Amino acid sequence: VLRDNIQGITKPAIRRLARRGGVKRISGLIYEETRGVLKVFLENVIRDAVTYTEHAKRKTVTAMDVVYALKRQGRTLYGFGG
Amino acid sequence: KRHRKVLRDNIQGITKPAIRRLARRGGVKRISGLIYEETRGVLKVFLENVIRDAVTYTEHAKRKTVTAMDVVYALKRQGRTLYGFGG
Amino acid sequence: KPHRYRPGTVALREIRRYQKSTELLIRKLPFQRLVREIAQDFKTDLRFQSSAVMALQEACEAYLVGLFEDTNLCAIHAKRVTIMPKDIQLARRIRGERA
Amino acid sequence: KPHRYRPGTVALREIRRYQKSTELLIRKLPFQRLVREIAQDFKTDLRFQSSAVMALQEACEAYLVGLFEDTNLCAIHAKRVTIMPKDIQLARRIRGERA
Amino acid sequence: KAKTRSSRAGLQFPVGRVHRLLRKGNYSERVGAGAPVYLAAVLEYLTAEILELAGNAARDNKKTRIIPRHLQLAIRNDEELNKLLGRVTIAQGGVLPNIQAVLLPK
Amino acid sequence: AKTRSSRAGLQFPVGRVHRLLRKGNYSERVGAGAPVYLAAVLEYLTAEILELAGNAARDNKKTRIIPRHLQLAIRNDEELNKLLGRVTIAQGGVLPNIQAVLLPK
Amino acid sequence: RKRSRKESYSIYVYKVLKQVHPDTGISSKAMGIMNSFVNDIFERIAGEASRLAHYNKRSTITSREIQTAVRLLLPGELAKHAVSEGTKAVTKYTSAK
Amino acid sequence: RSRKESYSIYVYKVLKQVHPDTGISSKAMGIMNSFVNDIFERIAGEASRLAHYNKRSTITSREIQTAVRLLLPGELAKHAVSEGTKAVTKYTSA
DNA sequence: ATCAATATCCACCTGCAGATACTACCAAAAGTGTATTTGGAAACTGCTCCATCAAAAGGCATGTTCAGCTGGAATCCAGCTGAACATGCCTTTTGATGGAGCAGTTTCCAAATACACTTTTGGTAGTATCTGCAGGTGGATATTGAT
DNA sequence: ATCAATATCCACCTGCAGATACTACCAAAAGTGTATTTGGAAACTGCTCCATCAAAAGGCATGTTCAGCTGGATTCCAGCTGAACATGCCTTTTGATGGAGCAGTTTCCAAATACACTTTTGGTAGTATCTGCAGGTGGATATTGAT
Ligand SMILES: [Mn+2]
Ligand SMILES: [Mn+2]
Ligand SMILES: [Mn+2]
Ligand SMILES: [Mn+2]
Ligand SMILES: [Mn+2]
Ligand SMILES: [Mn+2]
Ligand SMILES: [Mn+2]
Ligand SMILES: [Mn+2]
Ligand SMILES: [Mn+2]
Ligand SMILES: [Mn+2]
Ligand SMILES: [Mn+2]
Ligand SMILES: [Mn+2]
Ligand SMILES: [Mn+2]
Ligand SMILES: [Mn+2]
């Protein structure tokens, strides 16, 4: 069956995320709203990561590329180098 | 030979109409009575944190005079960058 | 028969007035006393450049104005038109100032 | 009559379950598809370290979970217990991620 | 006759000074000759962008002298300058006129 | 030959902290005291977290500190939580917390 | 005693103002803002370029580092034009002497 | 092939000093490494700006101290300052 | 819709704060030229680890039904909060003075850089042994929701 | 209150992935010793500007009265979203397998640094003189609210 990739981020997985966030009841429109927010996040972080990749003249996005990008965006991540 | 009078309770110099005006510039139409004391508390926390950092810069330079730059540097590191007084 | 504007009319007039201008809204000398009192509690015998106090007032007024904006959105979100302390608290929590 | 839990009971059970654990909650492969698709828009024929993709999923899931907490506070602020796009939007606005 | 590196680059902004500030700033051990040129050009371009928009705001306010208010109007009304300076306070700049619709009478 | 760490009473590498400082382009010069002080501050902060994380491991009846324990240690400590407020710990999860109004009855 | 020289970007900001708005002036407080702006953006780009060079074990900040820093730091159209203006200035600079 | 430095074995040393019978997983060790690197960068960075603000070319223990006061919350700052002063004292004497 | 009270607009003007203009001065800055050093690009390549492939295995996502209960709409009203007024206080303004302390310049040594050399160490690679605990079991018992 | 249906917890067990303990190897890195350089503390002091003074006055804070309309409580009900169950679809596992490309090594030259010398310039500093617009007035237009 034909399938968009962002639609691969399924309703039940979004549900579990909300539950860890302490959310008890979810509106039907939340699931499309969440996917849109997810996409912007990834776009912003991946754009910065790939930019580090290009500068290093590589073809492989490294964990460090991602880590540096997250730090830029004020989303510092522990556990993957640096 | 002298010393200045004791400084106390100056937070009340932040008057209700002064707080009303700031709310207006912030687009606020209607204000509950408990807002004014809440605002004074919030302002005091903000001012303390910036002054603490500014004075820290002052002492490190071995000065007794807090400069505009001390404040600007303090604001910069608190994530409140300010244009118009500085370097 | 003496004239009275309805509750809300003058408030809206005031919003338009102060969103149009740029001057400081807190009285100058009282703010200066507040700064000296707070600074003194941290360190005695400090002096202030006049521009240093003004920098603090510009920062404080810009901070509060911005906070009232976020506060207003929280109140409207609750289908109110009147800002309340719980609105300020919600805004500061989401801002990460208390979280 | 067959057994049936009241609405909300199982929801609360899930909250306790996932707040206790740390495993990722999005399927690995669909997430990996999404990452490569988005990356392809910035540069073609890219490869990824496995740790790179995992770093992305960790940061992204931690972000959405944090956002949902702030969203929940907004819903409760409006005296609801159901989160709505209205709530996500307010949280992101106040966070400074937009508007 | 000597030529400035600025004139050699076709720039109004000072290349020599920018080069000095890079070395004096402890950003790296070495600084290439192309680096201050590129940086001076970017700084100059951004300055031109803001002054353009601020000059317009001044004009719309029937003024010929740009004041901080005009700089603020130009920045907050431009989506990209607003993003770039989103965590910046312009002293004596005030705010944009903006009243939430639900607050208006009806 | 006695290492500067030994000479200062530290487990953390003073010589390395010094090399990292001057190769980091933080300044033209580095005083001899600076890497000692900094190495000391880093060791102490490491000790404070490992202490609290160890206790978290004990409470869960474990003897090996895992990421989850580091998270519990940090988020349950007012000052460590503030210092690391914009940091996310991989595989750390969140604190158990349910808003009161969501509880039944 | 002569008070030490306080450098600013004023005379350059003023030049660009005249190119852009020939009949428009600028107050000293506004010029103060402009000076804060240039110094801020200088520091952001330089700082980002510094990190960039350090991540890649390079001891030299070249025009290449500045460009990537500008792409990382500026949004959309601003990055596009800034990069263009910067490239243009470098090629012209090197095509001389 | 080349080598990659980390704080791992120093982290482990400090671990056995405070919890002799406690171990630490490699994933958790990665986090501690990130932590030490992060705080190093923060403190060094702030000390750098301090020195520059005051037209100084040297970063001394004085810059490190003021940086720590600026960066760490109340009690953490107090103890860190104490630990720092203690170590520089015992380094002068020894 | 009419009309009256009041805010709002805009033209016109005047005083002056602040911007513009000029000359003189000059220390630092910027450029030029020569000699010397070396960062890192280029080309080749070995070895890591990434992409893909098959291929069950089944765990988990999807579609459906049903109804519990939440969201939102409607209604009411006590009292909070805005508008307006009278009163008069304290902030603002203008200007002067003394001197605290910031800052400019010069002298001078403790400490830091720069090499050369020696020694220690931390990262490493195999190689083999060890163990904390995830995951599975049973059965006790707590919770939930029907009566 | 009883009582049935699940969920949840505790005690124990066992395989193994990941922690560990070991020996050996070595390049880099840290320690040592010596000669050289220099940053910035001291001392001294010129001079900006901060604290404090007085005095007059009107902009604005305070405090009160009055009632408009907002917030909060209550009720009510349509329909949305949770729970449960039945499918079956594709994520997961892992294991092997090219080979892309990260990364290590060698070569070497364009470009950077160091340095001495010459010239240009941007920043006070001292006065001297325009000029944009703030703020005042007056009178025409617009807005708001009662009726
Ligand atoms: Mn006090
Ligand atoms: Mn070389
Ligand atoms: Mn029904
Ligand atoms: Mn309800
Ligand atoms: Mn009064
Ligand atoms: Mn004195
Ligand atoms: Mn060893
Ligand atoms: Mn278990
Ligand atoms: Mn010197
Ligand atoms: Mn009434
Ligand atoms: Mn209402
Ligand atoms: Mn190849
Ligand atoms: Mn000149
Ligand atoms: Mn006017």
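Below, chains carry the letters A, B, ... as their sequence lines are ordered, and counting in each starts from 1.
Rounded to an integer number of Å, the gap from OH of B:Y36 to P of I:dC80 is 14 Å. A straight line from NZ of A:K59 to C1' of J:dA103 spans 17 Å, rounded to a whole angstrom. Between B:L34 atom CG and J:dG71 atom P there is a gap of 15 Å when expressed in whole angstrom units. Across the protein-nucleic acid pair, F:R4 atom CZ and J:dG31 atom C1' stand 8 Å apart, rounded to whole Å. Put simply, CD1 on D:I15 is 10 Å from P on J:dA83, counting in whole angstrom units. In this entry the distance linking CE of B:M69 with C1' of I:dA103 reads 17 Å, nearest Å. Spacing between atom CD of H:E5 and atom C1' of I:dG122 amounts to 8 Å, rounded to whole angstrom units.
Applying the 4.0 Å criterion to OP1 and OP2 of J:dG82, one finds that D:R4 has every side-chain N and O outside that range. Residue F:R19 places at least one side-chain N or O under 4.0 Å from the OP1 or OP2 atom of J:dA30. Remark: H:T58 is not in phosphate contact with J:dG39, judged by side-chain N or O atoms under 4.0 Å from OP1 or OP2. OP1 or OP2 of J:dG123 lies within a sub-4.0 Å distance of a side-chain N or O belonging to E:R17. Neither OP1 nor OP2 of I:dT91 sits under 4.0 Å from any side-chain N or O of C:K28. Phosphate proximity of I:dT113 to F:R29: absent, as no side-chain N or O sits under 4.0 Å from OP1 or OP2. For G:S28, a side-chain nitrogen or oxygen approaches OP1 or OP2 of I:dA19 to under 4.0 Å. Residue F:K105 places no side-chain N or O under 4.0 Å from the OP1 or OP2 atom of I:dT144. Contact check, F:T3 against I:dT120: no side-chain N or O comes under 4.0 Å of OP1 or OP2. Contact check, G:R58 against I:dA41: a side-chain N or O comes under 4.0 Å of OP1 or OP2. Taking 4.0 angstrom as the limit, C:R6 places a side-chain polar atom (N or O) nearer than this to OP1 or OP2 of J:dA146. Of the side-chain N and O atoms in G:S4, one or more sit less than 4.0 angstrom from OP1 or OP2 of I:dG104.
Summarising the geometry of B:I31 relative to B:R24, their closest heavy-atom pair is CD1-NH1, 4.1 Å, with the distance given to 0.1 Å.
A:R3 comes within 4.0 angstrom of the backbone, heavy atoms only, and of no base. If you check every strand for non-hydrogen atoms under 4.0 Å, G:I11 touches sugar and phosphate atoms only. Among the heavy atoms of the strands lying under 4.0 Å from H:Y10 are primed sugar atoms or P, OP1, OP2 only; no base atom is included.
By the 4.0 Å N-to-carboxylate-O rule, H:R56 lies too far from H:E63 to be salt-bridged with it. A salt bridge is absent between B:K64 and B:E59: the closest approach of a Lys/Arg side-chain nitrogen to an acidic carboxylate oxygen does not fall below 4.0 angstrom. Between C:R80 and C:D87 there is a salt bridge, since at least one side-chain N of the basic residue sits less than 4.0 Å from a carboxylate O of the acidic one.
Sugar conformation, J:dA1: north. The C1'-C2'-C3'-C4' torsion carries a positive sign.
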In 5'-to-3' order, the base (B), backbone-only (S) or no-contact (-) status of each nucleotide in nucleotides 46-62 of chain J, using a 4.0 angstrom heavy-atom cut-off, is BSS-SSSS------SSS

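At a non-hydrogen distance threshold of 4.0 Å, nothing from residues 76-83 of chain D comes into contact with DNA chain J.
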Pairing of DNA chain J as dot-bracket, 5' to 3': ( ) intra-strand, [ ] crossing, | other strand, . unpaired, with Watson-Crick or G-U pairs under 3.5 Å?
-> ||||||||.||||..||..||||...|||||||||||||.|||..||.||||||||||.|||||||||||||||||||||||||||||...|..|.||||||||||.|||||||||.||||..|||||||||||.|||.||||.|||

